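One structure is given below, encoded as structure tokens.
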Amino acid sequence: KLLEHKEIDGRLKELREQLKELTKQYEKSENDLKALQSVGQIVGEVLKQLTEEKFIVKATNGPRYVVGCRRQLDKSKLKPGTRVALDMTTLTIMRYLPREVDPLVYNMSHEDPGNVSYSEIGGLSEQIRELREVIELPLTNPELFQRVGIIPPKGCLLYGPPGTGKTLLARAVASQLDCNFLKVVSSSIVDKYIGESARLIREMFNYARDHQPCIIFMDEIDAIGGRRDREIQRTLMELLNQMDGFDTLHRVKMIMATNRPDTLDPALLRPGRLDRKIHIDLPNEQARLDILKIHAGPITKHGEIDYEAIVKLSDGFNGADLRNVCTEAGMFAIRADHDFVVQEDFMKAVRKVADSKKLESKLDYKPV
Amino acid sequence: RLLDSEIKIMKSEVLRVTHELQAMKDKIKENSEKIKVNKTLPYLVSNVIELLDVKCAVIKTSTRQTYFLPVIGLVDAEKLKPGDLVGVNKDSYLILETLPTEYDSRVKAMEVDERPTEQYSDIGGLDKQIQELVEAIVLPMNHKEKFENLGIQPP
Amino acid sequence: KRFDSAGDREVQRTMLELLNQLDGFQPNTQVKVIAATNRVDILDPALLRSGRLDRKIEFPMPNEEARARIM
Amino acid sequence: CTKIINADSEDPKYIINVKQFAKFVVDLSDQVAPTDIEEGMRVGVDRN
Ligand SMILES: Nc1ncnc2c1ncn2[C@@H]1O[C@H](COP(=O)(O)OP(=O)(O)OP(=O)(O)O)[C@@H](O)[C@H]1O
Ligand SMILES: [Mg+2]
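This is the structure:
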């Protein structure tokens, strides 16, 4: 008898589960239809509080109104500089929002920096020490600077020939320091709408202040930092103002990287904006050996590798040149259909990359 | 004794639940078609900005005016993200469509659709350069195994 | 060359965006880039680097068997 | 015109970029045909 009873009972259980699913579907439909009745509210920044009830809001890219808070919201927190929603029938204040993130900035924070560790950068030990002393330690241990009473340096400038590790340095600092990181390609700041770039810089620094601890790494600074096309200068002015606005208390630090520091406006060079500078030179003989040993490390090679001979030949290389050396050696091994790598591949690769360096009509670089 | 203690129970409860299920599915159909008629599309394509709790979104329109939505709308919060493209109601500005991101017309014009036909045999004397370009470009696209077995970054 | 001749800095900024969309912060894999020029002496020492354009492929004057093959 | 959504090749839902005014997701009238319109195409659009 139990088989028929089980058939009907299991069908009842299945039907009740199906009815629960159908109930969830009905609640989805009813709830989203109820949402359809809702109407969007107008966003806008606020200004002087004329009275305890009359306020001057300024709708984002819009007119300037005088409006009142709804009935119940706080009035003290309604200070000049609080994003608030406006009812788009009477424009009354309701729902003061925290602040704008400006998804440009969201992209400028939630960007993958890689797994780069300090043990992957080579030959820059002194420069890593400086950067960690100016940007990591003031953030990790602010109480040191509190008790000592020293105002920590606001930011560091990284400069050097193209392909020596500046961007790598920033990548490592981002990947190792558990904080909020802001990386910027400076040309990304540039926009064709009137005065939008200055707003972008202001909002970036406001996000920096809102989400401490944070590091701001604007790269290729010369793009918006060249010596005094109009909007770029007006935006450099806003960058200067926001930089000088750094009170001693924020856990906010900043890195700027460039390959042509000479073109940089001397305004930045003044102490109090970017004081500490670091020259990331072409790797030394020992530095070149370190860089090569790091990059060629994971290569499945056989036999002895004479890194010192390659370093002897690799005069004047950057780090990218040595990374190439490894890549070209691997490419030669692949062409020869060898599942492995040996010394001759490295020899051929370094000779090839030297021939390439012949093309790279590397100008003499002079610092700031 | 057996099978007689449940006859009146199994033969009526399931029928009632089935009737309720039929009526409830009908109610779903009406709510869905009310959504459908309320889904006529002049949409005001707009960018999403950071979401809030008190799950609810901020929108920047193509007309360069910002709105807050008490409820995001017919899309789910987990789908959306900052700097997204959403089609919103032309008047109430509620989000009711999620759009594929559009970069620019020129960028799409840069895409090759005709797929030209010049063969490698049509190139003369350049065999070394041909081999260099092929090993640099095509091989990473083709296999990725010969490179990863070596641990090198492909050019 | 970055410092040219300067109201051309817009070209410099676009070129810098290209420069960092080839190797900077976030890596870019599976997107291969091919470039062609006749005046490599003009180009940057930056976008002529080794991390961005790993291979520099010289296209010489056709040799005489190359010329016969081309004909 | 822009980004022909063509989510099913049955309800195409083309995007438009009316210059200096706005951008909309919109559909064809009963006269024009899907084969007529392409991406770009500088289409014409009713006013309401
Ligand atoms: N000290 C180093 N240790 C390990 N790898 C290095 C080192 N220096 C450079 N490299 C390698 O060389 C390349 C340098 O690229 P990166 O973008 O970091 O250079 P950069 O000089 O800071 O850049 P930019 O020209 O954009 O200013 C990377 O592929 C990196 O792995
Ligand atoms: Mg860089």
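Those protein sequences? They're chains A, B, C and D, same order as listed.
Read in order, the letters of the first sequence correspond to residues 15 to 242, 250 to 389 in UniProt numbering.
Read in order, the letters of the second sequence correspond to residues 46 to 99, 120 to 220 in UniProt numbering.
Read in order, the letters of the third sequence correspond to residues 294 to 298, 301 to 366 in UniProt numbering.
Read in order, the letters of the fourth sequence correspond to residues 98 to 145 in UniProt numbering.
Just so it is clear, CB atoms sit at the ideal spot from N, CA and C, and this is done for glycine as well.
#1: For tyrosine 88/B, which residues from the same chain have a beta carbon less than 8 Å from its beta carbon, with the 5 sequence-adjacent residues on both sides left out?
#2: Give the C-beta separation of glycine 319/C and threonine 321/A to the nearest angstrom, bearing in mind that I take them to be a contact with Cβ-Cβ under 8 Å.
#3: If we define contact as Cβ-Cβ less than 8 Å, is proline 147/B a contact residue for chain A?
#4: On the DSSP letters alone, give me the boundaries of the alpha helix (DSSP H) that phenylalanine 195/A sits inside.
#5: Count the other CB atoms within 10 Å of the CB of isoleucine 312/A; is the residue buried (16 or more) or exposed (fewer)?
#6: Do you know whose CA, among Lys62/A, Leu87/A, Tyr328/A and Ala212/A, lies nearest residue 245/A's CA?
#7: Can you tell which of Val119/A, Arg85/A and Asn155/A has its C-alpha closest to the C-alpha of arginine 223/A?
#8: Checking the sheet assignment: what are the DSSP bridge partners for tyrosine 111/D?
#9: Should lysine 180/A be listed as close to ligand 1, given that the test is whether its C-beta is under 7 Å from any heavy atom?
#10: Hey, how far is the Cα of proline 357/C from the Cα of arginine 308/C?
#11: Using 10 angstroms around the beta-carbon of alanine 330/A, count the other beta-carbons present and answer buried if the total reaches 16, otherwise exposed.
#12: Just list the residues that DSSP pairs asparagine 305/A with in beta bridges.
#13: From the DSSP output, in three-state form, read off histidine 316/A for me.
#14: Please classify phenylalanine 354/C: is it buried, with 16 or more other beta-carbons within 10 angstroms of its beta-carbon, or exposed?
#15: Check the C-beta distance from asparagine 75/A over to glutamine 130/B and give it rounded, since I have them as a contact under 8 Å.
#16: What's the gap between the Cα of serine 123/A and the Cα of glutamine 226/A?
#17: Helix, strand or coil, according to DSSP, for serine 91/B in the structure here?
#18: Give the residues from the segment 167 to 184 of chain A that approach chain C closer than 8 Å (Cβ to any Cβ), ordered along the chain.
#19: Shorter than 7 Å, the distance from the beta carbon of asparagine 358/C to the closest heavy atom of ligand 1, or not?
#20: Using the Cβ count rule (16 or more neighbours within 10 Å means buried), how would you classify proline 181/B?
#21: Which of the residues in the segment 49 to 61 of chain A, read from start to end, lie with their CB under 7 Å from any CB of chain B?
#22: Could you list which residues in chain B have their beta carbon closer than 8 Å to that of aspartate 349/C, in chain order?
#23: Cβ closer than 9 Å: which chain C residues qualify as neighbours of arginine 344/A?
#24: Sort out for me which residues DSSP pairs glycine 319/C with in a bridge.
#25: Relative to chain A, which residues along the segment 79 to 92 of chain B have a C-beta separation below 8 Å, given in chain order?
#26: Suppose the cutoff is 6 Å on Cβ atoms and the five residues either side in sequence are ignored; what does the same chain contact list for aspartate 342/A look like?
#27: Can you pull the chain B residues whose beta carbon is under 9 Å from the beta carbon of residue 244/A, in chain order?
#28: Determine contact between the segment 129 to 147 of chain A and the segment 229 to 241 of chain A, defined as no fewer than three beta-carbon pairs at a distance below 8 Å.
#29: Between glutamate 66/A and the rest of its own chain, which residues show a CB-CB distance below 7 Å, the 5 nearest in sequence each way excluded?
#30: For ligand 2, is there any heavy atom lying closer than 7 Å to the beta carbon of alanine 188/A?
#31: For the segment 162 to 176 of chain A and the segment 274 to 291 of chain A, state whether three or more C-beta atom pairs, one from each stretch, are separated by less than 8 Å.
#32: Between the alpha carbons of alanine 301/C and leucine 204/B, how many angstroms are there, rounded?
#33: Please state whether DSSP places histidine 124/A in a helix, a strand or coil.
#34: Less than 7 Å between the CB of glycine 177/A and some heavy atom of ligand 1, yes or no?
#35: Within its chain, find whatever has a CB closer than 6 Å to the CB of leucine 334/A; leave out the 5 residues flanking it on each side and keep chain order.
#36: Within a Cβ cutoff of 7 Å, which residues of the same chain sit near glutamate 365/A, ignoring the five residues on either side of it in sequence?
Let me lay it out:
#1: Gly152, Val153, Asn154, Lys155, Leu161 and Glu162
#2: Rounded, the Cβ-Cβ distance is 29 Å, inconsistent with contact.
#3: yes
#4: Here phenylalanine 195/A belongs to no alpha helix (DSSP H); instead the beta strand (DSSP E) covers 194 to 199.
#5: buried
#6: Here residue 245/A is not present, the numbering of chain A passing from 242 to 250 in one jump.
#7: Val119/A
#8: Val123/D
#9: yes
#10: 37 Å
#11: exposed
#12: Answer is none; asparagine 305/A lacks a bridge partner.
#13: helix
#14: exposed
#15: 6 Å
#16: 12 Å
#17: strand
#18: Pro175, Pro176, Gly177, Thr181 and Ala184
#19: no
#20: exposed
#21: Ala49, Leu50, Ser52, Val53, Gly54, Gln55, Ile56 and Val57
#22: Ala201 and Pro220
#23: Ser345, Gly346 and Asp349
#24: According to DSSP, which records beta bridges pairwise, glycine 319/C is partnered with nothing at all.
#25: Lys79, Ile80, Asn83 and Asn92
#26: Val374
#27: Residue numbering in chain A jumps from 242 to 250; residue 244/A, which lies between, is not modelled.
#28: no
#29: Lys89
#30: no
#31: yes
#32: 42 Å
#33: coil
#34: yes
#35: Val371
#36: none
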